[PDB]
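Here, residue 1 is the first one in the sequence, and each next residue gets the next number.
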Amino acid sequence: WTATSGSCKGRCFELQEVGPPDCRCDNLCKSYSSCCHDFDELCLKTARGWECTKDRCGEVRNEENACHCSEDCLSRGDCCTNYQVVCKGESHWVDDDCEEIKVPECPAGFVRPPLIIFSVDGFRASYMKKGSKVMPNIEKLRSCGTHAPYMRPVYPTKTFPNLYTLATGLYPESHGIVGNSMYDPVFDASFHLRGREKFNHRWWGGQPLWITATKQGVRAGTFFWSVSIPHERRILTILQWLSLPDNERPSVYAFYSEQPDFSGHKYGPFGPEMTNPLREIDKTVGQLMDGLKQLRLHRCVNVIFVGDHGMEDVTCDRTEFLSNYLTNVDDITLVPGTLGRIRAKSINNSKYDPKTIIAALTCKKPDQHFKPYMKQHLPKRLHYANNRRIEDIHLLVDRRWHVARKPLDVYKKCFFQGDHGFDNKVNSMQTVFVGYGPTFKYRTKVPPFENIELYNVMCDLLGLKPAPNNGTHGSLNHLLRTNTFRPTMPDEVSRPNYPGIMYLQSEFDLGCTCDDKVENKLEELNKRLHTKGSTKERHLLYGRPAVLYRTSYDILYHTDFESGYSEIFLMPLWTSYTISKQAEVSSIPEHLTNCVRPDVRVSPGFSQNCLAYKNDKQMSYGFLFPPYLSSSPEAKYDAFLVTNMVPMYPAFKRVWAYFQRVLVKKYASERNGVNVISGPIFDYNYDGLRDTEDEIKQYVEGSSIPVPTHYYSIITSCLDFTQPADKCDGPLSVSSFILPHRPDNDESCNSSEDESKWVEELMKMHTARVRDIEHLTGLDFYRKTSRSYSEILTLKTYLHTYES
Ligand SMILES: *[C@@H]1O[C@H](CO)[C@@H](O[C@@H]2O[C@H](CO)[C@@H](O[C@H]3O[C@H](CO[C@H]4O[C@H](CO)[C@@H](O)[C@H](O[C@H]5O[C@H](CO)[C@@H](O)[C@H](O)[C@@H]5O[C@H]5O[C@H](CO)[C@@H](O)[C@H](O)[C@@H]5O)[C@@H]4O)[C@@H](O)[C@H](O[C@H]4O[C@H](CO)[C@@H](O)[C@H](O)[C@@H]4O[C@H]4O[C@H](CO)[C@@H](O)[C@H](O)[C@@H]4O)[C@@H]3O)[C@H](O)[C@H]2NC(C)=O)[C@H](O)[C@H]1NC(C)=O
Ligand SMILES: COc1cc(-c2cnc(COc3cc(Cl)c(C#N)cc3C(C)(C)C)n2C)ncn1
Ligand SMILES: [Ca+2]
Ligand SMILES: [Ca+2]
Ligand SMILES: [K+]
Ligand code: NA
């Protein structure tokens, strides 16, 4: 209950919120039913519209007007945005030539260039090019400032998850806004797009930019705009705040547009009806830039023009129904649409079985336009699992489709021709970034990057220290003319041991055999050189990875590969090897099929054993350095050391062997050599972070050999592919993956066929950034290169997306 009978006189769009039950006069007031009775009258004026006309020039101030054309308007800070154009012979900002902003040109009293975030809903990346003829203001920001060809959203590619990601630098799983609707099982509460529940603070985790700013003595504008406040009034409000006294004036501001999303849902992304919404957003940008120029701030303020997600063609007839797959369809609740999330209709049911629900949804029709997953089995690049609000069962929906429980859900609610929310790698979901101002570079194109990175940069733009987030601070330094952030490499926590030959063969009782008793002095020093590190410059091209936690591990050198071998997990953390364009693939000789050899540099007690694999009827083993890529018959024996072995499900060895036997050599031929680092990952609590030993839920039967949840590879070459991977003078090129270590290939509907028809497709779906692997391993890669650290940080955030 409010006492709505105070007044907004002299308080319109006040910046501090007055608490109940005073009445309120800010942007939230409508949405809380809490505005003073005179808010519309005083604060939402509309008379005479939003443009000065010649006849109003020099008019006598009439305080009823929406905006002013009177001589006193600039001093009052409330002119119409076109005042100077109509009444003082000035040019619109868009009609002015682009001129480099080498230094901030600010009025006296300005301590720092302000930041304005202009966010647009549903603004698909390709609009920049396809709508260029009708967005002159936007095209000028883009060509004259710093721009990417696209920006990658977060999954799900919905509004509130992406805008709150923009504000926090956090993945949805960490900030808590994991969909546009959410059931929390502790709140027994749903969050939706309509309703007041969304306004409760318990949903919104992390530290958004406006709080970061305020804690550090930098003042912020509203980020939230009530829907009924028209755009022209949002712009005028920002421009009025910008005229406040020095001690009262915010340094950071946001504008949000509901378009072009709103129309895109009705008409599809490139419907003829979309040209007008793009024209109207462009006009709004023009108003802000003309208002900035009037106030002499157009070469002082940093402007970010940024989208939350794109828009795809989606129609009612492209709906998959769970009613066509399940019988028990009334025992579940589905969060439907461009993603699916499934849980139990009633937590009073020990008869609910997720295993059976998954199997009834797996590879059931040939055309099937979705794929079910347990959340921990989703691609690690989505970072979509470590939250109670994300249901255990997830459906990834194909682009252009919907999922729903039953037909009536879709007709007892065709409306719509567009939607979004698909996998964040999908081209139609990509959005926009432009940065314009003294602190951004001039006429610069940068590569596509992820929206999780922008929080750090906005903090940099404002002189703030960012709260802990998921960006990689420094990875976007190349956007900026002046950086206050100079990243440095994390310190190595654990130094390796370099063991020599310390054990006799008969000390090992591993239950392993190898046919290797097949005895020259020219090649007797030569092999000693190899075990001591003589080929190490060829196989370890970027220095050894740094271990960033306390552990015990050994570096092992070999002719063909180098490894960092963990005495705690009884396997390599990493294994590094270079395959030139010229290298040959060979077979595993028949006499060496089951060969496993003790490593005389490593104790029996810190070694794996073959007996356990024999007793474990589910579990088999593979090798991290592949025997197929041995440099010589004699070097091949090094690939069968017990220190190169890793636990692998037979189903997974199909994937791994094809990767090792066919794809590495393909990449070396295409990329003119590759350097490969491979290894295990343990993420049993699916938090995206390296597990400690006491968090492992599965061991090779009867042993202390831990079972990885995933296997990684980082594949690096020269970006200038006229140079070989091992002699590259310049920038690097990388692709990486994190494959799930699964006992079946149910994820791949075509896995009964030859590996050449399904394995690469799987690996593409599980593409990853180097940074994702760093989080999952506690390792730090690329420590010794000739490149700047900033460039290396950009390389570690790169994702190879395999979209056309
Ligand atoms: C993306 O970047 C983010 C941000 O850096 C990072 O997330 C951080 O990861 C840290 C390690 O997992 C974690 O550190 C401590 O967590 C708590 C402190 O938490 C509270 O206080 C902070 C600070 O202001 C809050 O931010 C935090 O918010 C979370 O919880 C809210 C709901 O309560 C929610 O609104 C908000 O969205 C957020 O949710 C997310 O995080 C939680 C975990 O915190 C998840 O469960 C959610 O699903 C959601 O993802 C909290 O309000 C500490 O208490 C921990 O201390 C443990 O572990 C210590 C290890 O050093 C150990 O010394 C202690 O013993 C202690 O153990 C005790 O508790 C155990 C169980 O925790 C118990 O069994 C044990 O026996 C003993 O009693 C952690 O130090 C940060 O909270 C987290 N921040 C955020 C914002 O998520 C991500 O890791 C990256 N992602 C990637 C892939 O890099
Ligand atoms: C049903 O009501 C609605 C209301 C709205 C809505 C109203 N005002 C905004 C802009 O919010 C933002 C704008 C920016 Cl630029 C940033 C940042 N950084 C963050 C936000 C949030 C505060 C976190 C949402 N939105 C999304 N949108 C859909 N539906
Ligand atoms: Ca949106
Ligand atoms: Ca973990
Ligand atoms: K076995
Ligand atoms: Na299959």
Least distance between heavy atoms, [X] atom then [Y] atom:
{"X": "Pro149", "Y": "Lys445", "result": "CG-CE, 3.7 Å"}
{"X": "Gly122", "Y": "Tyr127", "result": "O-CE1, 3.7 Å"}
{"X": "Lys293", "Y": "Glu90", "result": "NZ-OE1, 3.3 Å"}
{"X": "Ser31", "Y": "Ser226", "result": "OG-OG, 3.3 Å"}
{"X": "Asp282", "Y": "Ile138", "result": "OD1-N, 2.8 Å"}
{"X": "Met135", "Y": "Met128", "result": "CE-CA, 4.3 Å"}

Indicate yes or no for a side-chain donor-acceptor contact from [X] to the backbone of [Y] under 3.5 Å, with no hydrogens or angles considered.
{"X": "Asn483", "Y": "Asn477", "value": "yes"}
{"X": "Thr146", "Y": "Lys441", "value": "yes"}
{"X": "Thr431", "Y": "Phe123", "value": "yes"}
{"X": "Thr157", "Y": "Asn424", "value": "no"}
{"X": "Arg142", "Y": "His147", "value": "no"}
{"X": "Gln84", "Y": "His92", "value": "no"}
{"X": "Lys796", "Y": "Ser475", "value": "no"}
{"X": "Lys140", "Y": "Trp93", "value": "yes"}
{"X": "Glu139", "Y": "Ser143", "value": "no"}
{"X": "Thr797", "Y": "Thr794", "value": "yes"}

* Structure fact -> Applied to residues 424-437, the salt bridge (charged side-chain N to carboxylate O under 4.0 Å, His left out) test, sequence neighbours excluded, yields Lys425-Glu803
Does either side chain, that of [X] or that of [Y], offer a donor lying less than 3.5 Å from an acceptor on the other one?
{"X": "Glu258", "Y": "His231", "result": "yes"}
{"X": "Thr81", "Y": "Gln287", "result": "no"}
{"X": "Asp419", "Y": "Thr338", "result": "no"}
{"X": "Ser735", "Y": "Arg671", "result": "yes"}
{"X": "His192", "Y": "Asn180", "result": "no"}
{"X": "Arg112", "Y": "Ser251", "result": "yes"}

Indicate, with yes or no, whether the SG-to-SG separation of [X] and [Y] is under 2.5 Å.
{"X": "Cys98", "Y": "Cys144", "result": "yes"}
{"X": "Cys52", "Y": "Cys79", "result": "no"}
{"X": "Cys414", "Y": "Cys316", "result": "yes"}
{"X": "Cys300", "Y": "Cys106", "result": "yes"}

* CA sep, side-chain torsions, deciding dist, call: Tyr155, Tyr171, ring pair (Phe, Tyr, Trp, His ring centres under 6.0 Å) -> CA-CA 8 Å; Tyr155 186 76; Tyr171 294 117; over 10 Å; no
Under 30°, 30 to 60°, or over 60°: which ring-plane class applies to [X] and [Y], parallel, tilted or perpendicular?
{"X": "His800", "Y": "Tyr802", "result": "parallel"}
{"X": "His420", "Y": "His265", "result": "tilted"}
{"X": "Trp204", "Y": "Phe160", "result": "perpendicular"}
{"X": "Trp210", "Y": "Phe223", "result": "tilted"}
{"X": "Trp225", "Y": "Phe13", "result": "tilted"}

* Hey, which of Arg399, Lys764, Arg381 is the one that makes salt bridge (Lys or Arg N to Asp or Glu O under 4.0 Å) with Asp423? -> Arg381
* Asked: What is the distance from atom CG of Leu166 to atom OH of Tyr455, rounded to the nearest 0.5 Å?
  -> 11.5 Å
* **Short N-O contact, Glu51 and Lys283, less than 4.0 angstrom** => yes
* Residues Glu312 and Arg318 bridged, charged N to O under 4.0 Å -> no
* **Geometric cation-pi criterion, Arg296 with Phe110: 6.0 Å, 45°** => no
* Asked: When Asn469 is tested against each of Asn456, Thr168, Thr165 for side chain to side chain donor-acceptor pair (under 3.5 Å), which residue passes?
  -> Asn456
* May I ask you to test the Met289-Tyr436 pair for a side-chain heavy-atom distance under 4.5 Å? => yes
* Do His402 and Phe416 have ring centroids that are under 6.0 Å from one another? -> yes
